[PDB]
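Fold and geometry: a report
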Amino acid sequence: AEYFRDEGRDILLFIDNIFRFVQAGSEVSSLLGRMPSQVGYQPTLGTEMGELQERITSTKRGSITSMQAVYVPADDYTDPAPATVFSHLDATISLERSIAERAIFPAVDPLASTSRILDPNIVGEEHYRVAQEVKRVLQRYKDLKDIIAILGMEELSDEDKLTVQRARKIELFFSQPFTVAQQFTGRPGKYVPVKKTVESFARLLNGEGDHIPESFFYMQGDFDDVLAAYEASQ
Amino acid sequence: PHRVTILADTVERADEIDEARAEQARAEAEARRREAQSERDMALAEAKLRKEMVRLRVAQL
């Protein structure tokens with residue numbers, strides 16, 4: 001890919017399981033007799049990760065638009081491999097098993113996913129405000145998970161109840177069918193532009209769609225699809 | 001013709017006189033209100049307070 005970047009051609013780079021790259025290094029180091037570090041990993045983990053990742057950079061001659069995957073052993077995000085990857089990224093997207101087990105197949109945790117370009121100068125003022133509000137909601141939800149778990153929904157205040165309802169609606173709404181998921185899911189794929197996503201979430205945060213039951217936000221596109229499904233259900 | 005009912009607002013027996021010294025009023029002063037209510041309110045409020053404080057303390061799960 002560096003040859004194409006050096007000549008000016010834009011490159012889309014898709015590496016799969018950078019972890020597997022690190023695990024192999026670990027096995028090679030174990031066979032090489034090096035002194036093991038942390039959970040059996042190689043002593044030269046950071047240097048190997050740097051040597052691989054610093055080559056994945058957009059330079060002044062060309063740009064590499066790199067998308068990587070990382071496998072977390074078990075479900076431990078504190079494992080040395082993902083912990084080393086985290087500092088080598090502009091955008092991080094954290095998929096959680098708990099979200100996935102809720103049939104939310106995108107499975108992305110909004111609170112554990114960040115990006116450097118989520119900047120009002122770069123992405124737009126409305127997009128930035130909508131994203132920050134969609135995080136402040138679901139942060140109020142994460143702060144109240146135990147109270148809902150033990151005492152129940154009733155003990156919360158009225159505005160807290162509203163924020164929790166909107167947060168659960170947002171969790172359902174982040175779900176989205178994929179065109180490549182037709183093999184095991186019957187939902188047709190949906191492509192939601194960034195403008196439509198921002199508008200849908202801004203409308204959801206304003207209050208439009210409060211009357212809609214949460215189940216209608218599951219496996220939908222923009223807010224218009226949810227409204228159409230609600231009207232179909234009457 | 002066969003029964004009498006008195007739907008009286010308040011019925012008192014001053015003839016007893018010792019009713020005050022009697023638990024009817026004496027206990028009403030201590031065995032009632034003092035512990036029947038005040039102690040109930042104190043204990044229940046303390047339980048709610050301990051619950052609220054520990055539910056703040058558990059706000060990291």
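Residues numbered from 1 in each chain as written, not as in the entry; some residues may be left out. Chains lettered and ligands numbered in written order. Part of a larger assembly, values for the part shown. Heavy atoms only, no water. Residues with missing side-chain atoms left out of burial classes, pairs and counts.

As summarised from the PDB record, the model derives from cryo-EM at a stated resolution of 2.84 Å.

**Some points on the overall build of chain A**
Assigned secondary structure in chain A consists of 10 helices and 4 strands. The order of helices and strands in chain A, counted from the N terminus, is α-β-α-α-β-α-β-α-β-α-α-α-α-α. Principal-axis analysis of the C-alpha atoms places the extent of chain A at approximately 65 × 45 × 40 Å. Taking all contacts inside chain A whose residues are at least 6 apart in sequence as the whole, residues at least 24 apart take part in 59%. Summed over its atoms, the accessible surface of chain A is roughly 14300 Å², and 54% of this surface lies on carbon and sulfur atoms. (Helix = DSSP H or I, 4+ residues; strand = E, 2+ residues; numbered from the N terminus. Contact = heavy atoms within 4.5 Å. Areas by Shrake-Rupley, 256 points an atom, 1.4 Å probe, with all protein chains shown as cover.)

**Comments concerning helix 6 (residues 125-143) of chain A**
Residues and elements named next belong to chain A. Here helix 6 contains 19 residues, and its C-alpha end-to-end distance of 27 Å stays within 8% of the 27 Å for a straight helix at 1.5 Å per residue. By the burial criterion, the buried members of helix 6 are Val-130, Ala-131, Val-134, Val-137, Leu-138 and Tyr-141. Relative to the axis of helix 6, the buried residues are bounded by an arc of 130° and lie together on one face. Buried positions along helix 6 lie against helix 7 (145-150), helix 8 (158-174) and helix 9 (194-206). (Expected span 1.5 Å × (residues − 1). Buried < 20%, exposed > 50% of the residue type's maximum accessible area, 1.4 Å probe, protein only. Arc of directions from axis to C-beta.)

**Some details on the nonpolar core**
The biggest cluster of nonpolar side chains holds 25 residues, and the ones touching the most others in it are A:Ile170, A:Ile212 and A:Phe217. At the level of elements, helix 6, helix 8, helix 9 and helix 10 (223-233) of chain A are the ones that each hand at least two residues to this core. (Core = buried A, V, L, I, M, F, W, Y, C linked by side-chain atoms within 4.5 Å.)

**Let's talk about unusual backbone geometry**
The backbone of A:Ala107 shows a phi angle near 60°, a positive value even though the residue is not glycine. Mapped onto the elements of the fold, A:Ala107 is located in the loop between helix 5 (97-101) and strand 4 (114-115). The backbone of B:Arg33 sits at a positive phi, close to 70°, despite the residue not being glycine. For B:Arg33, the location among the structural elements is in the loop between helix 1 (26-29) and helix 2 (34-57).

**Considerations on the packing of helix 6 of chain A against helix 8 of chain A**
Packed helices, taken two at a time, are described by the angle between their axes plus the distance between the axes. Residues and elements named next belong to chain A. Between helix 6 and helix 8, whose axes approach to 8 Å, the crossing angle comes to 115°. Between helix 6 and helix 8, the angle falls in the class roughly perpendicular. Helix 6 and helix 8 meet at a crossing whose hand is left-handed. Here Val-134, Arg-136, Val-137, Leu-138, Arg-140 and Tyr-141 of helix 6 come into contact with helix 8, specifically with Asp-160, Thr-163, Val-164, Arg-166, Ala-167, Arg-168, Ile-170, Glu-171 and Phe-174. Residues of the contact of helix 6 with helix 8, tallied by class, amount to 8 nonpolar, 1 polar and 6 charged. (Axes fitted to C-alpha atoms, helices over the stretch in contact; angles between N-to-C directions. Parallel < 35°, antiparallel > 145°, perpendicular 65-115°, else oblique. Left-handed = near helix turned anticlockwise from the far one by under 90°. Nonpolar A, V, L, I, M, F, W, Y, C, P; charged D, E, K, R; others polar.)

**Overview of helix 2 (residues 18-32) of chain A**
All names here are of chain A. In this model, helix 2 (15 residues) spans 21 Å end to end at C-alpha, consistent with the 21 Å of a helix rising 1.5 Å per residue. Of the residues making up helix 2, those classed as buried are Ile-18, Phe-19, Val-22, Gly-25, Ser-26 and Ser-29. Projected down its long axis, helix 2 carries its buried residues within an arc of 120°, all on one side. A positive phi of about 85° marks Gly-33, the residue just after helix 2.

**Overview of the environment of A:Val28**
Tracing the sequence through the fold places A:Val28 in helix 2. Between the C-alpha atoms of A:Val28 and A:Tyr41, which are 13 residues apart in sequence, the distance is 10.0 Å.

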